[PDB]
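Read through the structure below, which is laid out as structure tokens, and then see the notes.
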Amino acid sequence: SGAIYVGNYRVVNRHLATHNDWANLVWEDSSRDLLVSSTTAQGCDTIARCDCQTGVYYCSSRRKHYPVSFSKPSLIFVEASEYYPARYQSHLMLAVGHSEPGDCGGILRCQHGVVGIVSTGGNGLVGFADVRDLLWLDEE
Ligand SMILES: CSc1ccccc1CC(=O)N1C[C@H](C)C[C@H](C(N)=O)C1
Ligand SMILES: [Zn+2]
């Protein structure tokens with residue numbers, strides 16, 4: 001679990017969104033595993049606006065933050081899970097690292113701010129849903 005809190009927005013994995021998230025929906029995209037809802041209080045996270053390929057992510061199954069090198073956002077085939085069938089997920093970046101299903105939502109960040117959140121995992125791979133292209137998170 002985990003979310004990004006920027007301005008009056010809450011960014012979560014679409015597959016982990018709550019009823020309150022759907023009832024206060026701003027935007028959602030199943031192909032990216034992302035959902036954004038509105039919040040009453042202002043958040044403290046800042047979104048990175050960069051092309052960094054190195055950063056640090058939080059892994060809840062190890063209570064640890066790990067430095068990683070990650071690929072550029074791309075269209076990647078992801079295997080079937082309890083939340084989606086096997087399909088292509090867009091705007092996904094891969095890295096070598098530990099992940100388990102419950103690690104979804106952990107933040108990946110670089111020197112500029114939040115880059116994205118954990119969305120997929122494999123035997124020693126972790127995938128992150130990028131948010132750096134969502135410029136509207138910084139306004140309104
Ligand atoms: C950190 S996720 C993980 C880690 C290790 C092993 C397996 C996983 C699970 C995983 O890759 N998916 C299942 C998740 C319910 C939906 C994901 C998606 N965004 O399509 C894909
Ligand atoms: Zn950066």
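In this rough spin-label picture, where each label sits 7 Å from Cα along the Cβ direction, the residue 27-residue 62 distance is 3.2 nm.
Relative contact order for region 3-44 using alpha-carbon pairs under 8 Å, separation at least 6, rounded to a whole percent? Don't skip to the answer; put the middle values down first.
Details: 73 pairs, mean separation 20.6, N = 42.
Answer for region 3-44 is 49 percent.
Among 52, 44, 104, the largest mean-square fluctuation in a Gaussian network model of the chain, built with springs joining Cα atoms closer than 10 Å, belongs to 44.
Dipole magnitude of the chain about its Cα centre, charges +1 at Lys/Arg Cβ and -1 at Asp/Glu Cβ only, in debye to the nearest 20? Intermediate values should be presented prior to the final figure.
Details: 11 positive and 15 negative charges, 86 e Å.
My answer is approximately 420 debye.
Over region 3-44, the ratio between the Cα radius of gyration and 2.2 N^0.38 Å evaluates to 1.04.
Full extension of the segment from residue 76 to residue 96, taken as 0.36 nm per residue of separation minus the current Cα-Cα distance, would add 5.7 nm. When only Cα pairs below 8 angstrom with a gap of at least 6 residues are kept, the chain shows a relative contact order of 25 percent. For residue 15 and residue 42, the FRET efficiency from 1/(1 + (r/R0)^6), where r spans their Cβ atoms and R0 equals 41 Å, is about 0.95. Of the residues 137, 91, 2, the one whose Cα sits farthest toward the positive end of the charge dipole of the chain, with +1 on the Cβ of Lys and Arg and -1 on the Cβ of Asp and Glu, is 2. Could you give each residue of region 65-78 its phi-based ³J(HN,Hα) in whole Hz, using Karplus coefficients 6.51, -1.76, 1.60 with θ = phi - 60°, and x for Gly or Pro? Couplings: 9, 10, x, 9, 9, 9, 6, 6, x, 8, 9, 10, 6, 10 Hz.
Note on region 27-81: semi-axes of the ellipsoid equivalent to its C-alpha gyration tensor, largest first and rounded to whole Å, are 21, 19, 15. By the count of other C-beta atoms within 10 Å, a proxy for reagent exposure, 128, 77, 70 are ordered fewest to most as 77, 70, 128.
So which trypsin sites (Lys or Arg not before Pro) in region 53-113 end up in coil per DSSP with only 10 or fewer other C-beta atoms within 10 Å? Please report the intermediate quantities before stating the final value.
Values: sites: 62, 63, 64, 87, 109; in loops: 62, 63.
Taking region 53-113 and a limit of 10 other Cβ atoms within 10 Å, the loop trypsin sites (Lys or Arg not before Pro) found are 63.
Shape class of region 33-124 from the alpha-carbon gyration tensor: rounded, with the ratio a/c of largest to smallest axis under 1.5.
Please note: Cβ atoms are built from the backbone with ideal geometry, for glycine as well, and neighbour counts cover all protein chains shown. Readers should treat all values here as calculations from the given coordinates under stated rules, not as data from a laboratory.
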